[PDB]
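Worksheet for the structure shown next.
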Amino acid sequence: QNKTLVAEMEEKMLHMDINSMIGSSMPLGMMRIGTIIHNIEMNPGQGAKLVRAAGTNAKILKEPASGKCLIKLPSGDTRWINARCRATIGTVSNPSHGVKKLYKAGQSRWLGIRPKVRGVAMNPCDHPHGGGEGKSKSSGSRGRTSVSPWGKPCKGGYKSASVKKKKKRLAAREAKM
Amino acid sequence: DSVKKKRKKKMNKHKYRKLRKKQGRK
Amino acid sequence: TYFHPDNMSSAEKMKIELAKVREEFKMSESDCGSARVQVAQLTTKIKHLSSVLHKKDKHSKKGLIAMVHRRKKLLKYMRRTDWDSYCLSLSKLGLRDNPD
Amino acid sequence: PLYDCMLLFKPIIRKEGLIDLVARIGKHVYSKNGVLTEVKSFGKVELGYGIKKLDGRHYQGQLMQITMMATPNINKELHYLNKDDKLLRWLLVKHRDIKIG
Amino acid sequence: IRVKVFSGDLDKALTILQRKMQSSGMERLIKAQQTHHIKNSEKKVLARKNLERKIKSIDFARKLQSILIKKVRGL
RNA sequence: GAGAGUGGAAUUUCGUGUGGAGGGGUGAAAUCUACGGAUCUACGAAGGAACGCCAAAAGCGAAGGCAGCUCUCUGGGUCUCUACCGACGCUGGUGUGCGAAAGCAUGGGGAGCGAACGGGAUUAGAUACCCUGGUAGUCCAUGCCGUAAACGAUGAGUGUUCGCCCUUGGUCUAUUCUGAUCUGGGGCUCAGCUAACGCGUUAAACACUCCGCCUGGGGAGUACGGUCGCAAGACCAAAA
RNA sequence: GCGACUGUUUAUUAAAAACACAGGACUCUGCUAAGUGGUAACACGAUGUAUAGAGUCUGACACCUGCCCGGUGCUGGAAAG
Ligand SMILES: [K+]
Ligand SMILES: [K+]
Ligand SMILES: [K+]
Ligand SMILES: [K+]
Ligand SMILES: [K+]
Ligand SMILES: [K+]
Ligand SMILES: [K+]
Ligand SMILES: [K+]
Ligand SMILES: [K+]
Ligand SMILES: [K+]
Ligand SMILES: [K+]
Ligand SMILES: [K+]
Ligand SMILES: [K+]
Ligand SMILES: [K+]
Ligand SMILES: [K+]
Ligand SMILES: [K+]
Ligand SMILES: [Mg+2]
Ligand SMILES: [Mg+2]
Ligand SMILES: [Mg+2]
Ligand SMILES: [Mg+2]
Ligand SMILES: [Mg+2]
Ligand SMILES: [Mg+2]
Ligand SMILES: [Mg+2]
Ligand SMILES: [Mg+2]
Ligand SMILES: [Mg+2]
Ligand SMILES: [Mg+2]
Ligand SMILES: [Mg+2]
Ligand SMILES: [Mg+2]
Ligand SMILES: [Mg+2]
Ligand SMILES: [Mg+2]
Ligand SMILES: [Mg+2]
Ligand SMILES: [Mg+2]
Ligand SMILES: [Mg+2]
Ligand SMILES: [Mg+2]
Ligand SMILES: [Mg+2]
Ligand SMILES: [Mg+2]
Ligand SMILES: [Mg+2]
Ligand SMILES: [Mg+2]
Ligand SMILES: [Mg+2]
Ligand SMILES: [Mg+2]
Ligand SMILES: [Mg+2]
Ligand SMILES: [Mg+2]
Ligand SMILES: [Mg+2]
């Protein structure tokens, strides 16, 4: 019952390698270049964190150098990940998840999403975009970009200076690697 | 049909394509 | 082990299978070209090709449609000439009767 | 059908690695109900250009040939040799009536 | 294609290199290298014209060879 | 023909040594690019697209079309036979299918090229031709569209008609080097045909079968209507 | 004419063409994620992981969406000063 199953794959294993052990997990340092992977740990033994959503996958770009591997993430970023971290061979299931579309407002409410009111529809006490008579974006030729309810911009590539500092530190540490 | 006779059809077709893109766009 | 059918290509297997079908349907002992023999061989080829041919392979599908129309012509010949062999082929190969 | 499996090893691979890969392909042929009729070594050959791998560039190689009577699916089932680090090249060809010397 | 220079003779080595350029077909391929794209519809016309000039040159060579061979034989 | 793998050259970009002043481009220039170090030179990396030589009046396919190599699956063709079978054939309205390229839809990909567009020039002007950037597109997967100077401007088929030179793929005979017979592809030609140019056993010759189409030019492949298409449009198609 | 639609709204003079909506697009976020609230711990985001989370505008569907980065913002940049 079980020994027949562990012997049937032993005649499969000797004519097979990493790139078609789909669903199996091993450390990244045991893998090859160009292996398509998902469910990558950030810390060894903590659990999978990185490539988890439906249809997503990552790609190994470099061999373990100084104990770390270079990996291309679904965002297009590349990160150096510790070679002892685990990952699962293949892509995440349900790859047609991102193309299915709803047809009515009730389906959003079934998922637990409540309606969103635009900032321009409010009053100045509610949103920075509020105010004005008739339809109006509550700024002008000497205003600012479109902003959050808390006044922070949300166009033109804005991010907070803390985020810029942290990402610059990460990029500078990864340039020496 | 020579090139000289083809040119009359060429001009008729160009004017018709122009008129159809001007009228039927609206 | 060397002569096992697992070690044979698909074309060799089709050759052996068509020789068997031709043996099954012959009128004389050297008969290989009568209408009912050609109908049985075409039916076997049509059934193999309708399953193995890729959807994008249009050039082979034109030949498969040619096999279909050849089988119609041979069945039409047998329906007016040899009614017994016509009923033999329709019963044994499971084909419909379409005199129209 | 009858096939010739050509195997161009890297020149640094030892006797044991060559035997290991040839025996792994051979046990793969046996498991699919096949016969191995012939195994031969062409020794060290000089290449026409420098074959470049992740190791570097190689101008020599060890040439092996296994002749097998095997399933038609075996060239597809041998695609693990594309990810094999002992190999420079591999090629499966239908067996020809030509004397190779 | 590399040619050694023997006894400092540049002209002999250059003649040898030119001969090996010509006889290996590499000079013909270098001369045929294009600087712009040519469509297949224009490649057909070029091949037709090249065949026509080859036919004319073969006819001319045949006439000269027949005249010279018939004259040299002493008839 | 479809599927699955794989190869190298070159272009572009990036990196690392060496090196230092231009490079690129034109009729001439300039935009551009380069001292934040280019072009150039060696090694390396990434990526896409197309497959040099072979190689062409060659080959294959109904046509459109098809080019690196390996394997799988598969359509058609040719030759030989003292094998079978026994007129089962040809053509084909209405129909059905296939059908360059551009275009459309969804998702990928994006080196090079490049509608649109920005700039640099030319010019009287220059919504162009030239230069420099360059989006869609060109590529893949799955659907749509259904049109081309889709051309041999030559419908499909059958029978017959003096020869010569080549060539593709077979077979037979050979008498050491060639003949014969099929099979397609070319060149030339006796006749015959042709308004003329020319065609000429792959006819535009001598005859025949079946289909499509024409009936002075323009208006016009336009109007109207129907069907089809997501659209772009397509098909049938007048009259004054 | 307006809004695609079913819905929602000024309890107590306004139910609508207003709001929402499915759909569309842009920007940010590599996970101790961004973002939000808090002096902080911490919590939500989320026992989620870029086919996910957040902010903004537009608002079914069909056809489309041209020019301008000079201005206000946001954003990238080796040096000199
Ligand atoms: K809203
Ligand atoms: K407002
Ligand atoms: K309030
Ligand atoms: K308002
Ligand atoms: K108001
Ligand atoms: K015309
Ligand atoms: K052919
Ligand atoms: K054929
Ligand atoms: K041939
Ligand atoms: K002639
Ligand atoms: K004839
Ligand atoms: K509307
Ligand atoms: K109401
Ligand atoms: K409201
Ligand atoms: K501006
Ligand atoms: K600005
Ligand atoms: Mg209000
Ligand atoms: Mg305020
Ligand atoms: Mg107003
Ligand atoms: Mg005419
Ligand atoms: Mg196209
Ligand atoms: Mg796209
Ligand atoms: Mg201009
Ligand atoms: Mg230009
Ligand atoms: Mg360009
Ligand atoms: Mg037409
Ligand atoms: Mg054509
Ligand atoms: Mg021959
Ligand atoms: Mg001939
Ligand atoms: Mg005539
Ligand atoms: Mg016809
Ligand atoms: Mg038309
Ligand atoms: Mg109409
Ligand atoms: Mg009114
Ligand atoms: Mg309403
Ligand atoms: Mg109701
Ligand atoms: Mg209502
Ligand atoms: Mg009230
Ligand atoms: Mg009321
Ligand atoms: Mg929405
Ligand atoms: Mg939480
Ligand atoms: Mg609105
Ligand atoms: Mg606009």
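All heavy atoms count here, side chains included; hydrogens, waters and symmetry mates do not. Residue numbers start from 1 in every chain, and the chains themselves are labelled A, B, ... in the order their sequence lines are given, proteins ahead of strands.
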Note to self: Under 4.0 Å, counting only non-hydrogen atoms across every strand here, what does A/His127 touch: a base, just sugar-phosphate, or nothing?
What the structure shows: sugar-phosphate

Check: Passes salt bridge (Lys or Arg N to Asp or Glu O under 4.0 Å), E/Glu52 versus E/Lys56? Steps please.
Finding: CA-CA 6 Å; E/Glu52 288 177 359; E/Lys56 192 169 74 170; over 6 Å; no

Notebook entry, point to check: Do the bases of F/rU80 and F/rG119 pair up, Watson-Crick or G-U wobble style, with both gaps under 3.5 Å?
Noted result: no

Note to self: salt bridge (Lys or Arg N to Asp or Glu O under 4.0 Å), that's the test. Do C/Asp97 and C/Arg79 meet it? Break it down for me.
What the structure shows: CA-CA 9 Å; C/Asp97 184 30; C/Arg79 202 193 188 276; 3.4 Å; yes

Next item on the list: Remember a base hit wins even if backbone is also touched, and classify A/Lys72 as base, sugar-phosphate or nothing at under 4.0 Å, heavy atoms.
Entry: nothing

Check: Looking for any heavy atom pair under 4.0 Å, which part of the strands does A/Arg52 touch: base, sugar-phosphate only, or nothing?
Finding: base

Next item on the list: Determine, using purine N1 to pyrimidine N3 plus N6-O4 or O6-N4 for Watson-Crick, or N1-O2 and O6-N3 for G-U wobble, whether F/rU132 and F/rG118 pair with both distances under 3.5 Å.
Entry: yes

Check: Side chain of A/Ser75, base of G/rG30: donor and acceptor closer than 3.5 Å?
Finding: yes

What N/O pairs connect the protein and nucleotides 85-91 of chain F at under 3.5 Å? Give each pair on its own line.
unit_1	atom_1	unit_2	atom_2	d
F/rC85	OP1	C/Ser28	OG	3.3
F/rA87	OP1	C/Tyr77	OH	2.9
F/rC88	OP1	C/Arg80	NH1	3.3
F/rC88	OP1	C/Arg80	NH2	3.0
F/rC88	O5'	C/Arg80	NH2	2.5

Give me, pair by pair, the N or O atoms of the protein and of nucleotides 20-24 of chain G that are less than 3.5 Å apart, along with how far apart they are.
unit_1	atom_1	unit_2	atom_2	d
G/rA20	OP1	A/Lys116	O	3.4
G/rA20	OP1	A/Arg118	N	2.9
G/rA20	OP1	A/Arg118	NE	3.3
G/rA20	OP2	A/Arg118	NE	3.0
G/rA20	OP2	A/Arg118	NH2	2.8
G/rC21	OP1	A/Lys116	N	3.1
G/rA22	OP1	A/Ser108	OG	3.0
G/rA22	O3'	A/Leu102	O	3.2
G/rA22	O2'	A/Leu102	O	2.9
G/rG23	OP1	A/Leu102	N	2.9
G/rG24	OP1	A/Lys101	NZ	2.7

Check: Which part of the nucleic acid does A/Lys62 contact within heavy-atom distance under 4.0 Å: base, sugar-phosphate only, or nothing?
Finding: nothing

Next item on the list: Taking only heavy atoms on the protein side, list every residue of residues 145-155 of chain A lying under 4.0 Å from any atom of RNA chain F, sorted numerically.
Entry: none

Next item on the list: Just name whichever nucleotide pairs with F/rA28, Watson-Crick or G-U, keeping both distances under 3.5 Å, else none.
Entry: none

List the atom pairs, with distances to 0.1 Å, where a side-chain N or O of residues 148-160 of chain A and a protein N or O form a donor-acceptor pair under 3.5 Å, not counting sequence neighbours.
unit_1	atom_1	unit_2	atom_2	d
A/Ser148	OG	A/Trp150	N	3.1
A/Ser148	OG	A/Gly151	N	3.3
A/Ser148	OG	A/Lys152	N	3.2
A/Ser148	OG	A/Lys152	O	3.4
A/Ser160	OG	A/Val163	N	3.3

Next item on the list: Could you tell me whether F/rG76 and F/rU72 make a Watson-Crick or G-U wobble pair, using a cut-off of under 3.5 Å for both distances?
Entry: no

Notebook entry, point to check: Who is the Watson-Crick or G-U wobble partner of F/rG184, with both distances under 3.5 Å?
Noted result: F/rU167

Note to self: Whether F/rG112 and F/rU138 form a base pair should be assessed as Watson-Crick or G-U wobble, both distances under 3.5 Å. Do they?
What the structure shows: yes

Notebook entry, point to check: Should we say atom CG of D/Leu54 is surrounded by more than 12 heavy atoms from elsewhere, each under 6.0 Å from it?
Noted result: no

Notebook entry, point to check: Is F/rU70 the Watson-Crick or G-U wobble partner of F/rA4, both distances being under 3.5 Å?
Noted result: yes

Checklist line | Comparing E/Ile55 and D/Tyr49 on RNA chain F - which has the more 5′ nearest nucleotide | finding: D/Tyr49

Note to self: As a quick check of understanding, evaluate salt bridge (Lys or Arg N to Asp or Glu O under 4.0 Å) for A/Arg32 and D/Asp85, giving each step before the final call.
What the structure shows: CA-CA 11 Å; A/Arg32 289 181 177 274; D/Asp85 295 303; 2.6 Å; yes

Notebook entry, point to check: What side chain to side chain donor-acceptor pair (under 3.5 Å) pairs are there with at least one residue in residues 115-138 of chain A, not counting sequence neighbours?
Noted result: none

Notebook entry, point to check: Just checking A/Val120: base, sugar-phosphate only, or nothing, at a heavy-atom cut-off of under 4.0 Å?
Noted result: sugar-phosphate

Notebook entry, point to check: Which parts of nucleotides 60-76 of chain F does protein reach within less than 4.0 Å, heavy atoms only, written one letter per nucleotide 5' to 3' as B for base, S for sugar-phosphate only and - for none?
Noted result: --BBB-----SSSSSSS

Dump every N/O contact between nucleotides 143-147 of chain F and the protein below 3.5 Å, one line per pair.
none

Notebook entry, point to check: With both atom distances required to be under 3.5 Å, do F/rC117 and F/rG159 make a Watson-Crick or G-U wobble pair?
Noted result: no

Margin query: Let me confirm one number: the CG-CD1 distance from A/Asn57 to A/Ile89, rounded to the nearest 0.5 Å.
Written below: 12.0 Å

Notebook entry, point to check: If you look at every strand shown and take non-hydrogen atoms under 4.0 Å, does C/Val39 touch a base, only sugar-phosphate, or nothing?
Noted result: nothing

Next item on the list: Just call it for A/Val51: base, sugar-phosphate, or nothing, with non-hydrogen atoms closer than 4.0 Å on any strand.
Entry: sugar-phosphate

Notebook entry, point to check: Does E/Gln65 use its side chain to pair, donor to acceptor, with the backbone of E/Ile69 at less than 3.5 Å?
Noted result: no

Note to self: Under a 3.5 Å cut-off for both contacts, is F/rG15 paired Watson-Crick or G-U wobble with anything, and if yes, with which nucleotide?
What the structure shows: F/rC43

Next item on the list: Tell me which residues in residues 6-26 of chain B put a heavy atom below 4.0 Å from RNA chain F, sorted by number, or none.
Entry: B/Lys6, B/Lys8, B/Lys9, B/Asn12, B/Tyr16, B/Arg20

Check: Does F/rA156 pair with anything, Watson-Crick or G-U wobble, both distances under 3.5 Å, and if so, with which nucleotide?
Finding: F/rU209

Filtered N/O pairs between nucleotides 48-55 of chain F and protein, under 3.5 Å:
unit_1	atom_1	unit_2	atom_2	d
F/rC54	OP1	E/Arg28	NH2	3.2

Notebook entry, point to check: Does F/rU160 sit syn or anti, given that only angles within 90° of 0 count as syn?
Noted result: anti

Checklist line | Dot-bracket line, read 5' to 3' along RNA chain G, where crossing pairs take [ ] and | marks a partner on another strand, Watson-Crick or G-U under 3.5 Å | finding: ......((.........))...(((((((.....(((....))).......))))))).......................

Margin query: Under a 3.5 Å cut-off for both contacts, is F/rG219 paired Watson-Crick or G-U wobble with anything, and if yes, with which nucleotide?
Written below: none

Next item on the list: Return each pair, listed once, that meets side chain to side chain donor-acceptor pair (under 3.5 Å) where at least one residue sits in residues 55-70 of chain C; pairs must be two or more places apart or across chains.
Entry: C/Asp57-C/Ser60

Next item on the list: Supply the atom-to-atom distance D/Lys10 NZ to D/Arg89 CZ, rounded to the nearest 0.5 angstrom.
Entry: 11.0 Å

Margin query: Heavy atoms within less than 4.0 Å of RNA chain G: which residues of residues 41-53 of chain E have one? Give them sorted by number.
Written below: none

Check: In Watson-Crick or G-U wobble terms, both distances under 3.5 Å, what is the partner of F/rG89?
Finding: none

Item checked: Identity of whatever pairs with F/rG59 - Watson-Crick or G-U, under 3.5 angstrom -> F/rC66

Check: Taking any strand in view, what nucleotide pairs with F/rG233 in a Watson-Crick or G-U wobble way, both distances under 3.5 Å?
Finding: F/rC228

Check: Which part of the nucleic acid, if any, lies within contact of C/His54, taking any heavy atom under 4.0 Å across all strands shown: a base, the sugar-phosphate backbone alone, or nothing?
Finding: sugar-phosphate

Check: Looking at F/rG143, is it paired to F/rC104 in the Watson-Crick or G-U wobble sense, both distances under 3.5 Å?
Finding: yes

